[PDB]
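Next up: a single chain in structure tokens, the form deposited in one PDB entry.
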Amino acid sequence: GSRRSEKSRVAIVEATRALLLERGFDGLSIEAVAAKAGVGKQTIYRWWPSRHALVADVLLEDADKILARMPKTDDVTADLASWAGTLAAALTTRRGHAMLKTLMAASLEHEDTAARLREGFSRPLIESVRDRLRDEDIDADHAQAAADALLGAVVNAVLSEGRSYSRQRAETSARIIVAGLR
């Protein structure tokens, strides 16, 4: 029997990406997506339960555009500093920013997509950090509070202030936090 149209799925996904880019999450209608992709609304509803699941699936496929590798060296401070700065750079590009904003918005509005987006974004970042500190044998309570403050520094700053938030502050926060672990 009939099966899902790949062409329509691709068109929907791409149209959503574009509309978030030019309008934001709050500015996104299922109707606009359908129009822009030349599909019927129901082709969207058939496969996704909401605006939120659609948006989540669209961000997740772009998750590599934010998660860079964690550098491994004898020098742990410079590793987490490079990691923090690189992530900051990523989160202050036009789409890095719009991606973070959208990600926050969708998470606030629906718990399921917060969880999925977080296994897509939050968790791998924090685990890069905890893994890196676990290499230097740091008590997990501490490695946790540390990963907390390093990622939180960046994500919170980029959400409060905009693209103006510079690498340097992130790298500084990485240095302080790391030196705190004696």
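We call the rigid core whatever largest set of C-alpha positions still superposes within 1.5 Å between the two forms. Don't overthink the numbering: it's just position in the shown sequence, from 1.
There is another form of this protein, the form deposited in another entry, and it is not shown here; the text below is about that form.
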Only one of 34, 126, 146, 133 shifts by 2 Å or more at CA between the shown form and the other one when the core is aligned; which is it?
-> 34
Just checking, between the shown form and the other one and with the core aligned, does residue 116 shift 2 Å or more at the CA?
-> no
For residue 165, decide whether the Cα shift between the shown form and the other one is 2 Å or greater, given a superposition on the rigid core.
-> no
Does superposing the core leave residue 54 with a CA shift of 2 Å or more between the shown form and the other one?
-> yes
Against the displayed form, residue 102 vs residue 50 by Cα, in the other entry, with 3 angstroms or more change: pair is closer
Since the Cα separation of residue 26 and residue 106 moves by 3 Å or more in the other entry, tell me which way: closer or farther than here.
-> farther
